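Asks: Protein sequences, first through last, are from chains C, H, D, U and P.
Using the entry's author numbering, the letters of the first sequence map in sequence onto residues 21 to 55.
Using the entry's author numbering, the letters of the second sequence map in sequence onto residues 883 to 931.
Using the entry's author numbering, the letters of the third sequence map in sequence onto residues 172 to 257.
Using the entry's author numbering, the letters of the fourth sequence map in sequence onto residues 28 to 70.
Using the entry's author numbering, the letters of the fifth sequence map in sequence onto residues 1 to 86.
Ideal Cβ placement from N, Cα and C applies to all residues, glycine included.
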Amino acid sequence: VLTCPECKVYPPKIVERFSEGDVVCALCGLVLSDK
Amino acid sequence: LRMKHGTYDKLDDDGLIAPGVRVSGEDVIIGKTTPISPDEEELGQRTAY
Amino acid sequence: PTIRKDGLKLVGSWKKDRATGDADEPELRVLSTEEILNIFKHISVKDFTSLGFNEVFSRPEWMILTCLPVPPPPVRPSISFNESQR
Amino acid sequence: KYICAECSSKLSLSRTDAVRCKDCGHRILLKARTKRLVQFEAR
Amino acid sequence: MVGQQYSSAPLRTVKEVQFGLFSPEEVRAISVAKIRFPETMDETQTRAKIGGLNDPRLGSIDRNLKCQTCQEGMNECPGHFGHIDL
Numbered sequence: 021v022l023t024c025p026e027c028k029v030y031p032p033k034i035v036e037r038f039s040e041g042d043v044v045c046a047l048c049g050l051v052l053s054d055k
Numbered sequence: 883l884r885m886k887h888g889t890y891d892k893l894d895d896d897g898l899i900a901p902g903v904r905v906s907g908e909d910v911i912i913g914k915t916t917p918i919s920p921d922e923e924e925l926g927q928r929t930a931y
Numbered sequence: 172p173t174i175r176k177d178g179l180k181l182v183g184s185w186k187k188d189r190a191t192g193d194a195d196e197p198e199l200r201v202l203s204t205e206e207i208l209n210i211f212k213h214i215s216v217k218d219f220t221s222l223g224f225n226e227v228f229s230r231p232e233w234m235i236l237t238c239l240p241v242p243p244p245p246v247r248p249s250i251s252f253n254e255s256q257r
Numbered sequence: 028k029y030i031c032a033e034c035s036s037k038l039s040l041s042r043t044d045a046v047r048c049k050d051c052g053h054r055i056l057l058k059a060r061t062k063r064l065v066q067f068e069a070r
Numbered sequence: 001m002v003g004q005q006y007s008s009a010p011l012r013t014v015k016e017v018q019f020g021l022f023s024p025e026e027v028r029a030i031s032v033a034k035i036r037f038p039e040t041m042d043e044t045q046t047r048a049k050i051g052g053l054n055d056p057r058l059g060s061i062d063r064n065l066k067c068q069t070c071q072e073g074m075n076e077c078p079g080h081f082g083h084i085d086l
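1. Comparing the CB of C/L50 with every heavy atom of the ligand GDP, is any distance shorter than 6 Å?
2. Three-state secondary structure (DSSP) at P/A48?
3. Whose CA, out of H/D896, H/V903, H/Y890, H/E908, lies closest to the CA of U/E68?
4. Report yes if the C-beta distance between D/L239 and P/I84 is below 7 Å; otherwise report no.
5. Taking its Cβ as the centre, do 16 or more other Cβ atoms sit within 10 Å of P/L53, making it buried, or is it exposed?
6. Looking at the C-beta of H/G902, does it have a partner C-beta in chain U at a distance below 7 Å?
7. Give the interface partners of U/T43 over in chain H, defined as CB-CB distance under 7 Å, in chain order.
8. If I follow the unbroken beta strand (DSSP E) through D/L181, where does it start and stop?
9. What does the alpha-carbon distance come out to for the pair H/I899 and P/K49?
10. Which term fits D/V241, buried or exposed, when burial requires 16 or more other beta carbons within 10 angstroms of its beta carbon?
11. Is there a C-beta anywhere in chain P that falls below 7 Å from the one on D/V241?
12. Give the DSSP-derived three-state secondary structure of P/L86 in the structure shown.
13. Three or more beta-carbon pairs under 8 Å between the stretch 9-19 of chain P and the stretch 213-226 of chain D, yes or no?
14. Using a C-beta to C-beta distance shorter than 9 Å, which residues of chain D count as neighbours of H/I918?
15. Run the CB neighbour count on D/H213, radius 10 Å, all protein chains shown included, and call it buried at 16 or more, exposed below.
16. DSSP puts D/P240 in a beta bridge; with which residues?
17. By a C-beta neighbour count over all protein chains shown, 10 Å radius and 16 as the cutoff for buried, is C/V51 buried or exposed?
18. Among D/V201, D/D218, D/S255, which has the Cα closest to the Cα of D/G178?
19. Is the separation between the beta-carbon of C/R37 and that of C/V44 shorter than 7 Å?
20. When the Cα atoms are used, what is the spatial distance from P/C70 to P/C77?
21. Roughly how many angstroms lie between the CA atoms of C/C27 and C/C48, to the nearest whole one?
22. Throw me the rounded Cβ distance for the P/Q45 and D/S255 pair, which I believe falls under 8 Å.
23. Quick one: list the residues of chain P neighbouring H/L925, beta-carbon separation under 7 Å, in chain order.
24. I'd like to check one pair, P/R63 with residue 173 of chain P: are the Cβ atoms closer than 7 Å?
Put into structure tokens, the structure is as follows:
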């Protein structure tokens, strides 16, 4: 399970940026996991 | 699950795009779906539906 | 004896002394690894230094395998196409 | 909609129908261009 | 700033690399899972067989579950060693 520690919204909304190797919350723009 | 960021809107009901549509970067032109057995779970990624 | 190598095997030949009365036929036998290990385990520290080995890190008895370490899956990663395709 | 490959016959196929032509029976079928022209901007 | 985590162990730099050889005692002591079965994953085809080649105590490469030995994600688990007895 992977959740944003600032929006605190369930279920979390998440978009994976494959071309940058990142996982990004779609609301605050925060970067969750890299590489 | 594991949908791609490309725009699925241009696909028809058949799952195949139709001639004469300006495709672009990272769009999809063929829609392919794989059934999965219930005992196969992506380590908690899969949901009920 | 006199030792030769055949594939992965180490074969020795005993040349019995001519004064024994037997023919000069070297009896052949495949040397057993456990016997060689036992011989190596009996060597001393002065011979350790003289041969060119080390007491702490590089004993010769360790050159014969008894337990084989298994590397973690990072060293041998599985490529999973699908959920049940590994 | 679709279209035949030899005689270009006008056919409509469902999601379960066999992929064949009714008149010539061939196994090669082509699509039909989007009837409603759609405007676009090249970006 | 590598690891995306915090640890209290001091940073240092490598100065020497002393080569050597394992004793079987070291292979036994280091290892955390004596591999026993020629199979990897269970008869349910959903999880790895305990004591097999893919024992969870060694670690995981997947990005969902964490290692049983250290409870860390795949981006922080180095990997741990098994052993096989001959």
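Replies: Looking at the coordinates:
1. Among the components modelled here there is no ligand, and therefore nothing to report on the ligand GDP.
2. Residue 48 of chain P sits at position 48 when you count from the first residue of the fifth sequence. Three-state DSSP puts P/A48 in a strand.
3. Taking the fourth sequence and counting its residues from 1, the one referred to as residue 68 of chain U is at position 41. Minimum Cα-Cα distance from U/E68 among the listed residues H/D896, H/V903, H/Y890, H/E908 corresponds to H/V903.
4. Position 68 of the third sequence, counted from the start, is the residue given in the question as residue 239 of chain D. Position 84 of the fifth sequence, counted from the start, is the residue given in the question as residue 84 of chain P. Yes, they are a contact pair.
5. Reading the fifth sequence from its first residue, position 53 is the one you call residue 53 of chain P. When all chains shown are included, P/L53 counts as buried.
6. Taking the second sequence and counting its residues from 1, one reaches residue 902 of chain H at position 20. Interface residue, yes.
7. Taking the first residue of the fourth sequence as 1, we reach residue 43 of chain U at position 16. Those within 7 Å of U/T43 in chain H number zero; the least Cβ separation is about 12 Å.
8. The sequence position of residue 181 of chain D within the third sequence is 10, counting from 1. Judged by DSSP secondary structure, D/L181 falls within the beta strand (DSSP E) whose first and last residues are 180-185.
9. Translated into the one-based positions of the second sequence, residue 899 of chain H becomes position 17. Translated into the one-based positions of the fifth sequence, residue 49 of chain P becomes position 49. Distance between the alpha carbons of H/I899 and P/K49: 45 Å.
10. Counting from one through the third sequence, the residue named residue 241 of chain D turns up at place 70. Counting the other Cβ atoms within 10 Å of the Cβ of D/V241 gives 16 or more, which makes it buried.
11. Within the third sequence, numbered from 1, the residue matching residue 241 of chain D stands at position 70. The C-beta of D/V241 comes closer than 7 Å to at least one C-beta of chain P.
12. As a first step, residue 86 of chain P is located in the fifth sequence; it is residue number 86 there, counting from the start. If DSSP states are grouped into helix, strand and coil, P/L86 belongs with coil.
13. no
14. The sequence position of residue 918 of chain H within the second sequence is 36, counting from 1. Neighbours of H/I918 on chain D, chain order: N253, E254, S255.
15. Here residue 213 of chain D refers to the residue found at position 42 of the third sequence. The residue in question, D/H213, is exposed, as its Cβ has fewer than 16 Cβ neighbours within 10 Å.
16. Position 69 of the third sequence holds residue 240 of chain D. Answer is P/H83, bridged to D/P240.
17. Within the first sequence, numbered from 1, the residue matching residue 51 of chain C stands at position 31. C/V51 should be labelled exposed.
18. Counting from 1 along the third sequence, the entry for residue 178 of chain D is found at position 7. Checking every option, the nearest Cα to that of D/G178 belongs to D/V201.
19. Locating residue 37 of chain C in the first sequence gives position 17, where the first residue counts as 1. Locating residue 44 of chain C in the first sequence gives position 24, where the first residue counts as 1. Closer than 7 Å, so yes.
20. As a working note, residue 70 of chain P is residue 70 in the fifth sequence. As a working note, residue 77 of chain P is residue 77 in the fifth sequence. Near 7 Å, if we compare the C-alpha coordinates of P/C77 and P/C70.
21. Translated into the one-based positions of the first sequence, residue 27 of chain C becomes position 7. Translated into the one-based positions of the first sequence, residue 48 of chain C becomes position 28. Their Cα atoms are separated by approximately 7 Å.
22. In the fifth sequence, residue 45 of chain P corresponds to position 45, counting from 1. In the third sequence, residue 255 of chain D corresponds to position 84, counting from 1. About 7 Å separates the two Cβ atoms, so the contact holds.
23. The residue given as residue 925 of chain H occupies position 43 in the second sequence. Within chain P, the residues near H/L925 are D62, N64, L65.
24. The structure shown does not extend to residue 173 of chain P, since chain P is modelled only from 1 to 86, so the question has no answer here.
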